[PDB]
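*Asks:* mmCIF, C-alpha atoms, file coords32.cif:
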data_run
#
loop_
_atom_site.group_PDB
_atom_site.id
_atom_site.type_symbol
_atom_site.label_atom_id
_atom_site.label_comp_id
_atom_site.auth_asym_id
_atom_site.auth_seq_id
_atom_site.Cartn_x
_atom_site.Cartn_y
_atom_site.Cartn_z
ATOM 1 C CA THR A 1 8.826 10.286 -4.067
ATOM 2 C CA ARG A 2 8.774 11.993 -7.488
ATOM 3 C CA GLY A 3 5.371 10.950 -8.883
ATOM 4 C CA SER A 4 2.018 12.143 -7.490
ATOM 5 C CA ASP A 5 2.346 13.339 -3.872
ATOM 6 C CA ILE A 6 -1.298 14.494 -4.107
ATOM 7 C CA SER A 7 -2.619 10.911 -4.265
ATOM 8 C CA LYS A 8 -4.658 11.226 -1.045
ATOM 9 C CA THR A 9 -7.387 8.916 -2.403
ATOM 10 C CA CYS A 10 -9.404 6.444 -0.295
ATOM 11 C CA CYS A 11 -9.632 2.690 -0.997
ATOM 12 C CA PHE A 12 -12.279 -0.068 -1.023
ATOM 13 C CA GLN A 13 -11.289 -3.424 -2.562
ATOM 14 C CA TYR A 14 -8.477 -5.346 -0.830
ATOM 15 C CA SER A 15 -6.357 -7.978 -2.618
ATOM 16 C CA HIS A 16 -5.358 -11.036 -0.553
ATOM 17 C CA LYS A 17 -2.118 -12.314 -2.131
ATOM 18 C CA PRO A 18 1.648 -11.718 -2.076
ATOM 19 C CA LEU A 19 2.419 -9.464 -5.064
ATOM 20 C CA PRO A 20 5.593 -10.236 -7.032
ATOM 21 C CA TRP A 21 8.212 -7.822 -5.622
ATOM 22 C CA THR A 22 9.549 -7.700 -9.197
ATOM 23 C CA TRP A 23 6.561 -5.474 -10.031
ATOM 24 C CA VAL A 24 6.225 -3.898 -6.558
ATOM 25 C CA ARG A 25 7.618 -0.411 -5.835
ATOM 26 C CA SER A 26 6.290 1.113 -2.590
ATOM 27 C CA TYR A 27 3.077 1.694 -0.611
ATOM 28 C CA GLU A 28 0.991 4.391 1.146
ATOM 29 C CA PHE A 29 -1.722 4.602 3.833
ATOM 30 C CA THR A 30 -5.120 6.113 2.935
ATOM 31 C CA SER A 31 -6.216 9.487 4.357
ATOM 32 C CA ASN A 32 -8.028 9.956 7.691
ATOM 33 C CA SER A 33 -11.116 11.553 6.098
ATOM 34 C CA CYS A 34 -11.749 8.320 4.158
ATOM 35 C CA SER A 35 -14.554 6.190 5.645
ATOM 36 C CA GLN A 36 -12.420 3.025 5.317
ATOM 37 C CA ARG A 37 -8.759 3.290 6.390
ATOM 38 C CA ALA A 38 -6.677 0.899 4.253
ATOM 39 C CA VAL A 39 -3.034 0.494 3.158
ATOM 40 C CA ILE A 40 -1.955 0.657 -0.502
ATOM 41 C CA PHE A 41 0.929 -1.068 -2.333
ATOM 42 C CA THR A 42 2.285 0.538 -5.514
ATOM 43 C CA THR A 43 3.799 -1.532 -8.349
ATOM 44 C CA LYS A 44 6.404 -0.676 -11.016
ATOM 45 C CA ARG A 45 3.676 -0.129 -13.644
ATOM 46 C CA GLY A 46 2.372 2.904 -11.705
ATOM 47 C CA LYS A 47 -0.806 1.148 -10.497
ATOM 48 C CA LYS A 48 -1.387 1.639 -6.748
ATOM 49 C CA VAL A 49 -3.281 -1.293 -5.175
ATOM 50 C CA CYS A 50 -5.319 -0.928 -1.957
ATOM 51 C CA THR A 51 -5.139 -3.502 0.871
ATOM 52 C CA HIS A 52 -6.068 -4.062 4.538
ATOM 53 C CA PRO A 53 -3.611 -3.126 7.308
ATOM 54 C CA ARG A 54 -5.086 -5.846 9.555
ATOM 55 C CA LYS A 55 -3.869 -8.757 7.384
ATOM 56 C CA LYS A 56 -0.377 -9.644 8.670
ATOM 57 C CA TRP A 57 0.858 -10.280 5.105
ATOM 58 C CA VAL A 58 0.171 -6.579 4.374
ATOM 59 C CA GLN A 59 2.128 -5.451 7.450
ATOM 60 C CA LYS A 60 5.025 -7.481 6.052
ATOM 61 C CA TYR A 61 4.776 -5.717 2.673
ATOM 62 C CA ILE A 62 4.640 -2.208 4.179
ATOM 63 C CA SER A 63 7.708 -2.712 6.396
ATOM 64 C CA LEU A 64 9.485 -4.381 3.455
ATOM 65 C CA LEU A 65 8.508 -1.920 0.692
ATOM 66 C CA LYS A 66 9.467 0.974 2.999
ATOM 67 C CA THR A 67 9.621 1.752 6.739
ATOM 68 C CA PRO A 68 7.641 4.668 8.200
ATOM 69 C CA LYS A 69 10.623 6.718 9.437
ATOM 70 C CA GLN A 70 9.408 10.292 8.812
ATOM 71 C CA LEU A 71 9.022 12.839 11.642
#
Now that the file is in, can you turn its structure into structure tokens?
*Replies:*
Amino acid sequence: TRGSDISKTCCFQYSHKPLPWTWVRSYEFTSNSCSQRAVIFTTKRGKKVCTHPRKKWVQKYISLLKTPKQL
């Protein structure tokens, strides 16, 4: 919320593994202009990782890291 709100960058590689919540912070969906829509999980080190929204494990990390409750 107080880092880089202008991080509208696309993604490409997708990690397939449960990241250690100890180093996880939040997440963020890619932009619509990107040619490959993908979710992203941010860690405590400041490194945002891209991932696929299809994988159920990712849907569990997004709802857990933070719920989309913004109108």
*Asks:* Which of these residues is nearest to residue 48 in chain A, using only C-alpha atoms: A:63, A:7, A:32, A:22?
*Replies:*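 Distance minimum relative to residue 48 in chain A lands on A:7.
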*Asks:* Please report the interatomic distance between CA of residue 25 in chain A and CA of residue 43 in chain A in Å with one decimal.
*Replies:*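 Between these atoms lies a distance of 4.7 Å.
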*Asks:* Kindly indicate which residue among A:11, A:40, A:58, A:64 lies nearest to residue 28 in chain A, using only C-alpha atoms for the distances.
*Replies:*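 Using only C-alpha atoms, residue 28 in chain A sits closest to A:40.
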*Asks:* Of the candidates A:44, A:39, A:57, A:30, which one gets nearest to residue 18 in chain A if we count all atoms listed in the file?
*Replies:*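 Using all atoms listed in the file, the shortest distance to residue 18 in chain A belongs to A:57.
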*Asks:* Go ahead and compute the interatomic distance for CA of residue 26 in chain A and CA of residue 69 in chain A, in Å to one decimal.
*Replies:*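 Value for the CA of residue 26 in chain A-CA of residue 69 in chain A distance: 14.0 Å.
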*Asks:* Taking the file as I've supplied it (selection: the PyMOL selection byres ((chain A and resi 15) around 9)), which residues are included? Please answer as number ranges by chain.
*Replies:* A: 13-14, 16-18, 49-52
*Asks:* Compile the contact shell of residue 62 in chain A as a PyMOL selection string: residues with an atom at most 8 Å away, counting all atoms listed in the file, same-chain residues fewer than 3 positions apart removed.
*Replies:* chain A and resi 26-27+41+58-59+65-67
*Asks:* Would you work out the distance separating CA of residue 37 in chain A from CA of residue 55 in chain A, expressed in Å to one decimal?
*Replies:*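 Answer for the CA of residue 37 in chain A to CA of residue 55 in chain A separation: 13.0 Å.
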*Asks:* With distances taken over all atoms listed in the file, which residue among A:6, A:33, A:38, A:1 lies nearest residue 54 in chain A?
*Replies:*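 Checking each of A:6, A:33, A:38, A:1 against residue 54 in chain A, counting all atoms listed in the file, the winner is A:38.
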*Asks:* Reconstruct range 36-53 of chain A at the level of N, CA and C atoms, and format the result as an mmCIF file, in the frame of the given file.
*Replies:*
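Output file selection-v4.cif follows:
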data_model
loop_
_atom_site.group_PDB
_atom_site.id
_atom_site.type_symbol
_atom_site.label_atom_id
_atom_site.label_comp_id
_atom_site.auth_asym_id
_atom_site.auth_seq_id
_atom_site.Cartn_x
_atom_site.Cartn_y
_atom_site.Cartn_z
ATOM 1 N N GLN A 36 -12.991 4.391 5.133
ATOM 2 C CA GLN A 36 -12.420 3.025 5.317
ATOM 3 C C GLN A 36 -10.891 3.077 5.258
ATOM 4 N N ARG A 37 -10.250 3.233 6.384
ATOM 5 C CA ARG A 37 -8.759 3.290 6.390
ATOM 6 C C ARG A 37 -8.180 2.000 5.800
ATOM 7 N N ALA A 38 -7.278 2.116 4.865
ATOM 8 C CA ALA A 38 -6.677 0.899 4.253
ATOM 9 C C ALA A 38 -5.284 1.213 3.700
ATOM 10 N N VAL A 39 -4.406 0.247 3.688
ATOM 11 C CA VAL A 39 -3.034 0.494 3.158
ATOM 12 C C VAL A 39 -3.020 0.303 1.641
ATOM 13 N N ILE A 40 -2.019 0.809 0.976
ATOM 14 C CA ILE A 40 -1.955 0.657 -0.502
ATOM 15 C C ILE A 40 -0.533 0.263 -0.926
ATOM 16 N N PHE A 41 -0.417 -0.645 -1.855
ATOM 17 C CA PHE A 41 0.929 -1.068 -2.333
ATOM 18 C C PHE A 41 1.086 -0.641 -3.790
ATOM 19 N N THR A 42 2.119 0.085 -4.108
ATOM 20 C CA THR A 42 2.285 0.538 -5.514
ATOM 21 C C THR A 42 3.227 -0.392 -6.280
ATOM 22 N N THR A 43 2.936 -0.630 -7.534
ATOM 23 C CA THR A 43 3.799 -1.532 -8.349
ATOM 24 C C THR A 43 4.722 -0.722 -9.264
ATOM 25 N N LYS A 44 5.476 -1.393 -10.094
ATOM 26 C CA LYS A 44 6.404 -0.676 -11.016
ATOM 27 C C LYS A 44 5.645 -0.134 -12.231
ATOM 28 N N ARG A 45 4.457 -0.621 -12.473
ATOM 29 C CA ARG A 45 3.676 -0.129 -13.644
ATOM 30 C C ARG A 45 3.012 1.215 -13.320
ATOM 31 N N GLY A 46 3.005 1.607 -12.074
ATOM 32 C CA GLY A 46 2.372 2.904 -11.705
ATOM 33 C C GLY A 46 0.937 2.665 -11.223
ATOM 34 N N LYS A 47 0.575 1.434 -10.969
ATOM 35 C CA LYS A 47 -0.806 1.148 -10.497
ATOM 36 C C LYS A 47 -0.805 0.910 -8.985
ATOM 37 N N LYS A 48 -1.363 1.815 -8.231
ATOM 38 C CA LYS A 48 -1.387 1.639 -6.748
ATOM 39 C C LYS A 48 -2.518 0.683 -6.356
ATOM 40 N N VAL A 49 -2.218 -0.326 -5.585
ATOM 41 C CA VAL A 49 -3.281 -1.293 -5.175
ATOM 42 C C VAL A 49 -3.641 -1.097 -3.699
ATOM 43 N N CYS A 50 -4.907 -1.112 -3.378
ATOM 44 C CA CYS A 50 -5.319 -0.928 -1.957
ATOM 45 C C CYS A 50 -5.285 -2.269 -1.215
ATOM 46 N N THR A 51 -5.179 -2.234 0.086
ATOM 47 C CA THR A 51 -5.139 -3.502 0.871
ATOM 48 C C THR A 51 -5.546 -3.234 2.323
ATOM 49 N N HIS A 52 -5.671 -4.262 3.116
ATOM 50 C CA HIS A 52 -6.068 -4.062 4.538
ATOM 51 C C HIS A 52 -4.831 -4.103 5.450
ATOM 52 N N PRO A 53 -4.761 -3.173 6.371
ATOM 53 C CA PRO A 53 -3.611 -3.126 7.308
ATOM 54 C C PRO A 53 -3.723 -4.249 8.343
#
